[PDB]
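This report concerns only the one structure given below.
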């Protein structure tokens with residue numbers, strides 16, 4: 021009873037601490053990708069708008085020339 | 021006390037099984053996102069190469 | 000709000016001046032034949048009037064304007080813009096009346112398939128299937144749409160999306176009591192998942208559902224099927240699901256309802272069950 | 000700082016050149032023709048000066064230069080450059096003085112919704128709401144901004160962000176606004192989450208908050224609310240929140256402060272209590288009579 | 000199905016039309032000298048026909064058409080589009096003929112690395128190795144491809160991908176090839192993860208693997224490596240794997256098969272096997288004498 | 000092996016062709032004024048030669064070629080391609096000899112900040128700090144680089160990026176017997192971490208760290224700081240860290256060295272400590 | 197001593213549960229955003245491709 025109980029408490033403690041630390045670490049890292057992903061969306065939409073307006077204006081100018 | 025220990029054991033069982041079940045699907049979702057990332061990367065690389073070559077050719081032709 | 004409704008009436012007047020633009024196409028464009036950009040700006044005013052309609056929460060009017068702009072714009076040119084307008088009209092029609100959303104989405108599907116963009120076509124296929132599930136009652140049309148989308152996805156080695164689509168299709172078919180297809184799909188997906196170290200914890204449920212489907216049809220061959228599964232996956236017996244299935248099938252050898260009822264209640268005491276599983280068990284165990 | 004000293008010196012030099020360039024602009028608008036390109040170069044130098052001022056830590060000067068460049072740019076039949084410059088000025092004014100940042104961000108929002116990009120407009124609205132609530136001591140305008148953001152998000156099919164926004168606004172309103180809106184929003188979000196497998200295991204908290212809001216007004220209606228919830232959601236009966244609520248209402252029936260206090264203390268013993276929940280419990284206690 | 004038959008008919012019609020188009024283009028270049036638009040439109044027709052054909056559920060001829068279109072396009076000094084079409088043809092032939100897909104993918108890899116792109120080249124190398132090993136029974140080519148992919152990844156400090164490739168290579172080598180290379184790769188990868196942010200407690204497994212390889216070579220080397228790891232990584236002292244390995248060592252020392260058998264049985268009972276450790280343990284037991 | 004030898008042979012061939020190209024290009028510009036197309040062709044030759052040098056596993060010469068191309072291109076009144084070449088040369092020089100890599104990365108950062116973009120400059124700054132830390136011992140330059148990158152990141156509202164840099168700077172400052180900066184950074188980040196719905200759980204850890212270093216002064220100040228933190232975070236006492244700090248304080252007040260050592264060992268056994276914590280605790284024990 | 201173990205077990209299990217729910221929520225949000233950005237990127241790719249094609253044809257007309 022004593023030996024098995026000591027084994028159980030030791031293993032439970034170590035496993036629980038490992039899982040807790042790993043969970044907190046994943047929690048902290050997720051936010052970095054979140055913010056970067058906001059940034060990449062910003063850049064993507066800016067690119068889309070710029071290229072769309074550029075091409076439409078250029079087609080209009082080409083039609084004016086021709 | 022011993023019956024308190026047994027009911028707490030039931031609680032531990034339920035919590036652990038629920039956490040594992042949710043873990044499985046969370047891992048599946050992570051796999052799906054990892055799959056999509058490669059395709060978006062490839063499409064972005066293709067567009068970058070195409071626009072670079074096209075604009076450089078047009079600029080050279082303008083001369 | 001109330002103020003933006005007056006400007007929505009002004010946007011109806013914008014549609015009236017767009018009617019004047021098509022009147023230009025009718026009569027004045029003979030002298031303005033070079034004004035194709037005039038048609039383009041007519042489409043632009045159409046689009047922003049439809050945007051004002053959308054901001055005015057007139058979903059039917061917004062969809063009508065979207066469809067009219069798409070029809071005028073798809074002059075065999077700028078097909079992708081027409082497809083974008085059609086999908087916008089379909090999204091607007093999703094609320095209120097979604098019937099014509101199906102037709103506009105099918106037209107967009109045809110346009111994309113002609114272009115060859117399989118991913119967006121399959122996503123729209125899933126969208127139409129799910130709107131069928133949630134709004135209408137037909138399942139066969141949703142089944143066909145899901146099969147087509149799964150084919151398109153598996154064409155480009157997108158195995159996860161196809162696998163989940165096939166899982167949903169197999170579940171619905173099991174609800175529609177077509178068990179051969181269900182067991183085929185479940186075995187395929189489970190065995191494929193067992194290939195990768197990522198998804199090796201998920202098979203248990205797949206194999207459990209496949210065993211249930213098989214045991215529904217032929218109880219005698221269920222023992223052979225479960226034995227084959229166990230020898231295929233040596234860690235399939237240790238799971239509680241295999242033990243419960245073995246207990247149920249061994250108890251069914253004797254006509255004793257109490258044993259299986261207590262088994263299912265005991266299993267339910269650790270975790271709640273789902274509607275599909277409970278309904279399937281209630282139907283099968285009746286005899 | 001020597002680097003900062005030289006940075007400020009060249010910043011003043013660029014400001015003087017920008018003054019000369021506005022002289023050029025007013026001369027090319029009244030004396031010469033074709034000054035659109037010249038004032039575009041003026042805008043370029045203005046943007047350079049504003050960026051390097053931002054580098055110099057002089058946020059007010061950078062924001063003022065950004066705003067001047069933006070308002071000058073508006074006149075060139077250009078709107079997206081105006082929107083970007085307005086957003087830059089608002090970001091610069093976020094710190095130090097944010098009052099004019101609200102006005103500039105509202106102008107940018109108006110222009111954006113004029114074009115039709117709603118998602119970015121919703122994000123800017125949520126930024127305005129967060130800055131107002133964190134820095135400005137007033138909540139009603141925050142409530143309005145959150146309502147607008149939720150409307151925009153739910154109108155674009157972005158369900159999750161709208162759900163979080165609605166939950167936040169309802170929870171905040173429950174503090175200083177009638178609980179009817181809180182009850183309605185909590186019930187709506189719980190119903191939406193139940194079918195979905197995402198928050199189905201967390202909807203118990205939302206039901207608990209709705210039940211607390213019901214209790215803070217009256218008891219009989221609270222009993223009807225809890226029985227309806229447990230009828231519609233059978234699994235809530237085993238929830239420890241259900242037993243806690245039943246014990247609390249049973250104690251309240253007899254008007255015993257002692258039992259209620261000991262029960263809430265026991266509940267606090269495990270896990271931990273929250274500021275809002277503690278305030279709600281105190282408020283309902285204070286009317287025991 | 001009507002769709003399949005109609006699509007096949009129109010695809011064959013398009014193929015004949017494209018052949019006649021290219022022949023009349025060769026004629027017209029001398030007849031009229033129209034430049035290169037004729038060949039470009041023939042290639043457009045070829046691409047359209049090939050994509051429709053692959054949509055028609057038939058693959059081999061679609062890949063052949065893709066190869067022909069890519070070759071004709073590359074004939075006009077255009078490479079990137081030809082490389083993409085080569086990749087598509089290889090993907091299509093993946094399920095039709097492995098050899099042609101491998102040839103096309105090799106051509107794409109060489110041209111891409113000539114351009115300067117390496118990550119895509121490494122991905123193509125990994126795909127080639129995966130297709131080679133999954134269906135064709137061969138390793139050495141797979142090992143070389145994985146090594147090349149790891150080299151390309153490490154050339155651009157892609158530590159994770161190169162680490163995975165080298166781990167797979169070392170595993171395969173230990174399974175079949177000699178053990179020295181497996182020892183070096185396993186030890187290096189295990190010791191290059193002492194300060195991992197999340198993987199602080201994962202390197203232990205790697206170390207264990209290395210020891211087994213040493214234990215496969217000789218007893219003296221095995222014990223020396225165990226001692227060196229013990230001194231190098233103090234935490235390895237407290238690992239259950241360390242106790243298991245010491246027990247196996249002391250059992251094998253005195254030549255008592257019963258002790259080793261019961262130890263391995265208990266180890267399997269406590270934790271489930273992996274199908275790789277069991278084979279090495281069987282090979283070790285085969286030399287108990 | 001053979002492929003590398005052939006690549007290097009043709010690379011020397013192309014380098015001879017490239018020196019011929021530049022010489023004859025300047026000659027032809029002088030004698031004929033052909034423009035700048037030849038200079039662009041020489042730049043492309045340099046770029047491809049550097050690429051095949053990298054393929055040949057000669058990073059020093061590849062970086063030299065990249066730097067030559069970058070300087071020739073910036074001489075051509077164009078920056079972005081020159082910046083790309085400079086960063087490529089820096090990446091090539093990362094291994095082998097990283098000294099000139101620092102200078103070239105400085106030039107890249109200078110041009111980037113001149114343009115007005117911050118995030119890439121911050122990335123280069125952190126990379127340079129990492130290079131200095133891993134290969135050199137002058138931690139002052141690393142501190143400066145980390146602080147500058149952190150300042151850029153906070154100015155650009157990238158609080159998450161700034162937090163990691165601040166934590167690294169605080170740790171390094173505490174390492175070199177300097178406690179004011181460590182205390183300030185740790186307490187500031189802990190305070191700003193109070194309201195984080197996610198980070199709140201870890202918000203305790205930083206606080207504890209501060210207390211430890213704040214004890215490097217003396218018994219008393221430490222008590223005031225820890226009790227202030229406990230008031231500010233009422234739940235801080237729930238964790239064993241406050242119990243351990245109280246044990247340390249009470250044992251050190253009475254000079255109970257054996258009990259202090261045993262408590263530290265017990266904490267190590269239940270949860271092991273890292274090099275930094277062990278060194279700090281041993282330093283505290285010295286007095 | 198075992199009662200302290202069971203109390204700490206309950207606390208840590210409860211904490212891990214709540215953590216996991218938060219991670220699931222965040223992962224879902226990230227996936228939603230990835231879907232929308234992939235759609236937009238593909239649309240931009242197609243638009244620029246047809247833009248370059250039409251511009252090249254227009255130049256050829258000259």
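Residue numbers (the authors' numbering), protein chains in the order written: chain K, 21 to 86; chain L, 21 to 83; chain P, 0 to 286; chain M, 0 to 288; chain O, 0 to 288; chain N, 0 to 286; chain J, 197 to 258. Don't be surprised by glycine CBs; every beta carbon is placed ideally from N, CA and C.
On the DSSP letters alone, give me the boundaries of the alpha helix (DSSP H) that residue 256 of chain N sits inside.
Here residue 256 of chain N refers to the residue found at position 257 of the sixth chain. First-last of the alpha helix (DSSP H) with residue 256 of chain N: 256 to 269.
Between the stretch 263 to 279 of chain M and the stretch 23 to 32 of chain O, do three or more beta carbon pairs fall short of 8 Å?
Touching, no.
Determine, for residue 76 of chain L, whether the minimum Cβ-Cβ distance to residues of chain O falls below 7 Å.
The count along the second chain starts at 1 and reaches residue 76 of chain L at position 56. For residue 76 of chain L, the answer is no, since every Cβ of chain O falls outside 7 Å of its Cβ.
Three or more C-beta pairs below 8 Å linking the stretch 195 to 205 of chain P and the stretch 39 to 47 of chain L:
Output reads yes: the stretch 39 to 47 of chain L touches the stretch 195 to 205 of chain P.
Measuring CA to CA, which of N:24, N:53, N:208 is closest to residue 91 of chain N?
If you number the sixth chain from 1, residue 91 of chain N lands on position 92. The option with the nearest alpha carbon to residue 91 of chain N is N:53.
For residue 215 of chain M and residue 285 of chain M, the rounded distance between their alpha carbons
Along the fourth chain, read from residue 1 onward, the residue named residue 285 of chain M stands at position 286. Along the fourth chain, read from residue 1 onward, the residue named residue 215 of chain M stands at position 216. Their Cα atoms are separated by approximately 11 Å.
Anyone know if the C-beta pair for residue 82 of chain M and residue 103 of chain M falls short of 7 Å?
On the fourth chain, position 83 is the one that residue 82 of chain M refers to. On the fourth chain, position 104 is the one that residue 103 of chain M refers to. Their beta carbons are not under 7 Å apart, which means residue 82 of chain M does not touch residue 103 of chain M by this criterion.
Using a cut-off of 9 Å between C-beta atoms, extract the partners of residue 205 of chain J located in chain L.
Within the seventh chain, numbered from 1, the residue matching residue 205 of chain J stands at position 9. Residues of chain L passing the Cβ test: 28, 32.
Give the single residue among P:4, P:204, P:275 whose Cα lies nearest to the Cα of residue 243 of chain P.
Against the third chain, residue 243 of chain P aligns to sequence position 244. Among P:4, P:204, P:275, the Cα nearest to that of residue 243 of chain P belongs to P:204.
By the 10 Å Cβ neighbour count, where 16 or more other Cβ atoms means buried, how is residue 80 of chain O classified, buried or exposed?
Here residue 80 of chain O refers to the residue found at position 81 when the fifth chain is read from its first residue. Per the 10 Å Cβ criterion, buried.
Under 7 Å by beta carbon: chain K residues contacting residue 233 of chain O:
As a working note, residue 233 of chain O is residue 234 in the fifth chain. Among the residues of chain K, none has a CB under 7 Å from the CB of residue 233 of chain O; the nearest is roughly 15 Å distant.
Taking 7 Å as the threshold (beta carbon to beta carbon), is residue 67 of chain K in contact with chain N?
Counted from its first residue, the first chain places residue 67 of chain K at position 47. Chain N, which has no Cβ nearer than 7 Å to the Cβ of residue 67 of chain K, makes this no.
Comparing alpha-carbon positions, which option in O:56, O:174, O:245 lies nearest residue 289 of chain O?
For residue 289 of chain O there is no data in the structure shown, the boundaries of chain O being 0 and 288.
Beta-carbon spacing of residue 119 of chain N, residue 144 of chain N below 7 Å:
In the sixth chain, counting from the first residue as 1, residue 119 of chain N sits at position 120. In the sixth chain, counting from the first residue as 1, residue 144 of chain N sits at position 145. Taking 7 Å as the Cβ cut-off, residue 119 of chain N and residue 144 of chain N do not qualify as a contacting pair.
Counting only C-beta atoms, is residue 50 of chain M closer than 7 Å to chain N at any point?
Stepping through the fourth chain from its first residue, residue 50 of chain M is reached at position 51. Judged by the 7 Å Cβ criterion, residue 50 of chain M is in contact with chain N.
Measuring only the C-alpha atoms, how far is residue 4 of chain P from residue 229 of chain N?
Sequence index remark: in the third chain, residue 4 of chain P carries index 5 (1-based). Sequence index remark: in the sixth chain, residue 229 of chain N carries index 230 (1-based). About 57 Å.
Between the C-alpha atoms of residue 142 of chain N and residue 136 of chain N, what's the straight-line distance to the nearest angstrom?
Within the sixth chain, numbered from 1, the residue matching residue 142 of chain N stands at position 143. Within the sixth chain, numbered from 1, the residue matching residue 136 of chain N stands at position 137. The C-alpha of residue 136 of chain N is placed about 11 Å away from the C-alpha of residue 142 of chain N.
Give every residue of the same chain whose Cβ lies closer than 8 Å to the Cβ of residue 195 of chain N, excluding the five residues on either side of it in the sequence, and list them in chain order.
In the sixth chain, the residue the question calls residue 195 of chain N occupies position 196. Excluding sequence neighbours, residue 195 of chain N sits near 202.
In terms of residue numbering, what span does the alpha helix (DSSP H) encompassing residue 43 of chain L cover?
Looking up residue 43 of chain L in the second chain gives position 23. Per DSSP, residue 43 of chain L belongs to the alpha helix (DSSP H) from 22 to 82.
Cβ separation of residue 131 of chain P and residue 140 of chain P, assumed to be a contact under 8 Å, to the nearest whole Å:
Taking the third chain and counting its residues from 1, one reaches residue 131 of chain P at position 132. Taking the third chain and counting its residues from 1, one reaches residue 140 of chain P at position 141. In this structure residue 131 of chain P is in contact with residue 140 of chain P, their Cβ atoms being roughly 6 Å apart against a cut-off of 8 Å.
Given residue 169 of chain N as reference, the closest of N:212, N:156, N:129 once Cα atoms are compared
Your numbering for residue 169 of chain N matches position 170 in the sixth chain. Closest option to residue 169 of chain N, Cα to Cα, is N:212.
Starting from residue 197 of chain N, find everything on chain J with Cβ-Cβ shorter than 7 Å and list it in chain order.
In the sixth chain, counting from the first residue as 1, residue 197 of chain N sits at position 198. What residue 197 of chain N touches in chain J: 218.
Please classify residue 109 of chain P: is it buried, with 16 or more other beta-carbons within 10 angstroms of its beta-carbon, or exposed?
If you number the third chain from 1, residue 109 of chain P lands on position 110. When all chains shown are included, residue 109 of chain P counts as exposed.
Just the Cα atoms here: how many angstroms apart are residue 207 of chain M and residue 171 of chain P?
In the fourth chain, counting from the first residue as 1, residue 207 of chain M sits at position 208. In the third chain, counting from the first residue as 1, residue 171 of chain P sits at position 172. Straight-line spacing of the CA atoms in residue 207 of chain M and residue 171 of chain P works out to 35 Å.
Use the C-beta contact count for residue 240 of chain N: other C-beta atoms within 10 angstroms, 16 or more gives buried, fewer gives exposed.
One-based indexing of the sixth chain puts residue 240 of chain N at position 241. Classification for residue 240 of chain N: buried.
Residue range of the unbroken alpha helix (DSSP H) whose run includes residue 289 of chain M
Outside the shown range of chain M, which is 0 to 288, sits residue 289 of chain M, and nothing can be said about it.
Taking all protein chains shown into account, decide if residue 219 of chain M is buried (16 or more other Cβ within 10 angstroms of its Cβ) or exposed.
Within the fourth chain, the letter at position 220 stands for residue 219 of chain M. Classification for residue 219 of chain M: exposed.
Mapping the DSSP letters down to three states, classify residue 229 of chain P as helix, strand or coil.
Position 230 of the third chain, counting from 1, holds the residue named residue 229 of chain P. Here residue 229 of chain P carries a helix assignment [DSSP, helix/strand/coil].
Do residue 148 of chain O and residue 125 of chain O have their C-beta atoms closer together than 7 Å?
Counted from its first residue, the fifth chain places residue 148 of chain O at position 149. Counted from its first residue, the fifth chain places residue 125 of chain O at position 126. Taking 7 Å as the cut-off, the Cβ atoms of residue 148 of chain O and residue 125 of chain O count as close.
Return the first residue and the last residue of the alpha helix (DSSP H) that residue 23 of chain O is part of.
Here residue 23 of chain O corresponds to residue number 24 of the fifth chain, with the count starting at 1. The continuous alpha helix (DSSP H) containing residue 23 of chain O extends over residues 1 to 30.
Exposure label - residue 182 of chain N; buried when at least 16 CB within 10 Å:
Counted from its first residue, the sixth chain places residue 182 of chain N at position 183. In this structure residue 182 of chain N is buried. Its beta-carbon is surrounded by 16 or more other beta-carbon atoms within 10 angstroms.
Residues near residue 162 of chain M by beta carbon distance below 8 Å, same chain, minus five either side
Position 163 of the fourth chain, counting from 1, holds the residue named residue 162 of chain M. Around residue 162 of chain M, the same chain offers 188, 191, 192 as residues with beta carbons nearer than 8 Å, after the five sequence neighbours per side are excluded.
How about residue 61 of chain K: is its C-beta nearer than 7 Å to some C-beta of chain J?
Counted from its first residue, the first chain places residue 61 of chain K at position 41. At a cut-off of 7 Å between beta-carbon atoms, residue 61 of chain K makes contact with chain J.
Go ahead and pull the three-state DSSP assignment for residue 57 of chain N.
Locating residue 57 of chain N in the sixth chain gives position 58, counting from the first residue. In this structure, DSSP gives residue 57 of chain N a state outside helix and strand, which the three-state scheme calls coil.
Interface residues of the stretch 250 to 276 of chain O facing chain P [CB-CB below 8 Å]:
Look at the stretch 250 to 276 of chain O: the residues with a C-beta under 8 Å from a C-beta of chain P are 271.
Cutoff 7 Å: residue 48 of chain K Cβ touching any chain J Cβ
Numbered from 1 along the first chain, position 28 holds the residue referred to as residue 48 of chain K. No, no contact with chain J.
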